[PDB]
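Q: Pasting a structure below so you can have a look.
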Amino acid sequence: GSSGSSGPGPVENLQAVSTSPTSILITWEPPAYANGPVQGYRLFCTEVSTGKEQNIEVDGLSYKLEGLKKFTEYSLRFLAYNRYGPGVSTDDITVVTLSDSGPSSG
């Protein structure tokens, strides 16, 4: 069929951190040692708690995730994919969402 793909390299300046109870600011960049261009970037959000992974298709070099669990160890996975396909994937990004709790006076 279509035997012509090697897979691009792992993006650079990749980092994900939550700034709120349920969020995830993923900031990545275009790789240098990559095979050809980069059609885009694919993200995979997995809920260690349950174990469900949801594939997402974002664009650019910055995406703020929302609709997560207050405080739950989440594991994401970022990688680059071009005409050929998805290349080397990064290490499971573990980022425990913040915790909305402090001033509790009853």
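Convention: chains lettered A, B, ... in structure tokens order; per-chain residue numbering from 1; ligands numbered from 1 as shown.
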Just the residues within 7 Å of residue A:24, please, counting only C-alpha atoms, with nothing from its chain fewer than 6 positions along; format it as a list in words.

A: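 The filter keeps residues 16, 17, 18, 64, 65 and 66 of chain A.
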
Q: As a PyMOL selection string, which residues of chain A does DSSP assign to strand (DSSP E or B)?

A: chain A and resi 12-17+23-29+40-47+53-58+63-66+73-81+86-89+93-96

Q: Generate the output file for the selected residues, N, CA and C atoms, as a short mmCIF file (atom, residue, chain, number, x, y, z; two decimals), in the first residue's frame.

A:
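Ended up saving to out_35.cif:
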data_model
loop_
_atom_site.label_atom_id
_atom_site.label_comp_id
_atom_site.auth_asym_id
_atom_site.auth_seq_id
_atom_site.Cartn_x
_atom_site.Cartn_y
_atom_site.Cartn_z
N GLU A 12 9.92 20.14 20.90
CA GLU A 12 10.83 20.74 21.87
C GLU A 12 10.07 21.68 22.81
N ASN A 13 10.80 22.28 23.75
CA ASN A 13 10.20 23.19 24.71
C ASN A 13 8.78 22.75 25.08
N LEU A 14 8.63 21.46 25.35
CA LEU A 14 7.33 20.90 25.72
C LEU A 14 7.15 20.89 27.23
N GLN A 15 6.07 21.50 27.70
CA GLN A 15 5.79 21.56 29.13
C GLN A 15 4.29 21.73 29.38
N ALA A 16 3.78 21.04 30.39
CA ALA A 16 2.37 21.12 30.74
C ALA A 16 2.18 21.34 32.24
N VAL A 17 1.43 22.38 32.59
CA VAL A 17 1.17 22.69 33.99
C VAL A 17 -0.20 23.32 34.17
N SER A 23 -7.30 22.30 34.94
CA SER A 23 -6.76 22.85 33.71
C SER A 23 -5.38 22.28 33.41
N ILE A 24 -4.85 22.59 32.23
CA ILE A 24 -3.54 22.11 31.83
C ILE A 24 -2.98 22.93 30.67
N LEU A 25 -2.02 23.80 30.98
CA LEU A 25 -1.40 24.64 29.96
C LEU A 25 -0.24 23.92 29.29
N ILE A 26 -0.48 23.41 28.09
CA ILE A 26 0.55 22.70 27.34
C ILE A 26 1.23 23.63 26.34
N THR A 27 2.52 23.86 26.54
CA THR A 27 3.29 24.73 25.66
C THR A 27 4.43 23.96 25.00
N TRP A 28 4.27 23.66 23.72
CA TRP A 28 5.28 22.93 22.97
C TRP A 28 5.84 23.78 21.83
N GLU A 29 6.78 23.22 21.08
CA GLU A 29 7.40 23.92 19.97
C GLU A 29 7.78 22.95 18.85
N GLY A 40 0.57 18.84 12.16
CA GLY A 40 0.00 19.36 13.39
C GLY A 40 0.51 18.63 14.62
N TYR A 41 -0.30 18.59 15.66
CA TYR A 41 0.08 17.93 16.91
C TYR A 41 -1.12 17.22 17.53
N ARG A 42 -0.89 16.00 18.01
CA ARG A 42 -1.95 15.22 18.64
C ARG A 42 -1.70 15.07 20.14
N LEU A 43 -2.76 15.24 20.92
CA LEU A 43 -2.65 15.12 22.37
C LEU A 43 -3.55 14.00 22.90
N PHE A 44 -3.06 13.28 23.90
CA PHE A 44 -3.82 12.18 24.49
C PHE A 44 -3.98 12.37 25.99
N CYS A 45 -5.21 12.60 26.43
CA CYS A 45 -5.50 12.80 27.85
C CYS A 45 -6.01 11.52 28.49
N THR A 46 -5.27 11.01 29.47
CA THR A 46 -5.64 9.79 30.16
C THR A 46 -5.91 10.05 31.64
N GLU A 47 -6.94 9.41 32.17
CA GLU A 47 -7.30 9.57 33.57
C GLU A 47 -6.83 8.38 34.40
N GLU A 53 -8.51 7.11 27.94
CA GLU A 53 -7.70 8.03 27.16
C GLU A 53 -8.53 8.67 26.05
N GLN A 54 -8.49 10.00 25.98
CA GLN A 54 -9.24 10.73 24.97
C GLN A 54 -8.29 11.48 24.03
N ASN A 55 -8.35 11.15 22.75
CA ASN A 55 -7.50 11.79 21.75
C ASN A 55 -8.04 13.17 21.39
N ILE A 56 -7.14 14.15 21.31
CA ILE A 56 -7.53 15.51 20.97
C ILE A 56 -6.62 16.08 19.88
N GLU A 57 -7.18 16.95 19.04
CA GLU A 57 -6.42 17.57 17.96
C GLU A 57 -6.39 19.08 18.11
N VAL A 58 -5.28 19.60 18.62
CA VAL A 58 -5.12 21.03 18.82
C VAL A 58 -4.19 21.64 17.77
N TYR A 63 -2.13 25.28 24.30
CA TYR A 63 -3.52 24.87 24.47
C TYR A 63 -3.86 24.69 25.95
N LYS A 64 -4.89 25.40 26.40
CA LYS A 64 -5.32 25.31 27.80
C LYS A 64 -6.48 24.34 27.95
N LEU A 65 -6.21 23.19 28.56
CA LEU A 65 -7.23 22.18 28.77
C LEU A 65 -8.17 22.58 29.90
N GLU A 66 -9.43 22.17 29.79
CA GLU A 66 -10.43 22.49 30.81
C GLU A 66 -11.44 21.36 30.94
N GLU A 73 -4.33 12.89 39.52
CA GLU A 73 -3.11 12.63 38.76
C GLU A 73 -3.44 12.26 37.31
N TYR A 74 -3.27 13.22 36.41
CA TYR A 74 -3.55 12.99 35.00
C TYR A 74 -2.26 12.73 34.22
N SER A 75 -2.35 11.88 33.20
CA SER A 75 -1.19 11.55 32.39
C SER A 75 -1.48 11.81 30.91
N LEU A 76 -0.82 12.83 30.36
CA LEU A 76 -1.01 13.18 28.96
C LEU A 76 0.17 12.70 28.11
N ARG A 77 0.01 12.75 26.80
CA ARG A 77 1.06 12.32 25.88
C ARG A 77 1.05 13.16 24.61
N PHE A 78 2.15 13.87 24.37
CA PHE A 78 2.26 14.73 23.19
C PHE A 78 3.24 14.13 22.19
N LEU A 79 2.96 14.32 20.90
CA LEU A 79 3.81 13.80 19.84
C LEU A 79 3.59 14.57 18.54
N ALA A 80 4.53 14.44 17.62
CA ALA A 80 4.44 15.11 16.33
C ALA A 80 4.08 14.13 15.22
N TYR A 81 3.20 14.57 14.31
CA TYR A 81 2.77 13.72 13.21
C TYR A 81 2.68 14.53 11.91
N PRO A 86 2.70 9.74 12.94
CA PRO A 86 3.19 10.08 14.27
C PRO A 86 4.58 9.51 14.54
N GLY A 87 5.52 10.38 14.91
CA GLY A 87 6.87 9.94 15.18
C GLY A 87 7.06 9.51 16.62
N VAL A 88 8.21 9.85 17.20
CA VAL A 88 8.51 9.50 18.58
C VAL A 88 7.66 10.29 19.55
N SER A 89 7.00 9.59 20.47
CA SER A 89 6.14 10.23 21.46
C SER A 89 6.92 10.57 22.72
N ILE A 93 3.27 12.61 30.37
CA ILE A 93 3.30 13.83 31.16
C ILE A 93 2.33 13.75 32.33
N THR A 94 2.86 13.57 33.53
CA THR A 94 2.04 13.47 34.73
C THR A 94 1.91 14.83 35.42
N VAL A 95 0.70 15.37 35.42
CA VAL A 95 0.44 16.66 36.04
C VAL A 95 -0.81 16.61 36.92
N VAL A 96 -0.61 16.63 38.23
CA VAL A 96 -1.73 16.59 39.17
C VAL A 96 -2.43 17.94 39.25
#

Q: Quick one: residues within 10 Å of residue A:6, only C-alpha atoms, excluding same-chain residues fewer than 3 positions away - as number ranges by chain?

A: A: 3, 9, 34-36, 82, 84-88

Q: Calculated over only C-alpha atoms, which of the candidates A:10, A:51, A:83, A:68 has the smallest distance to residue A:98?

A: A:68
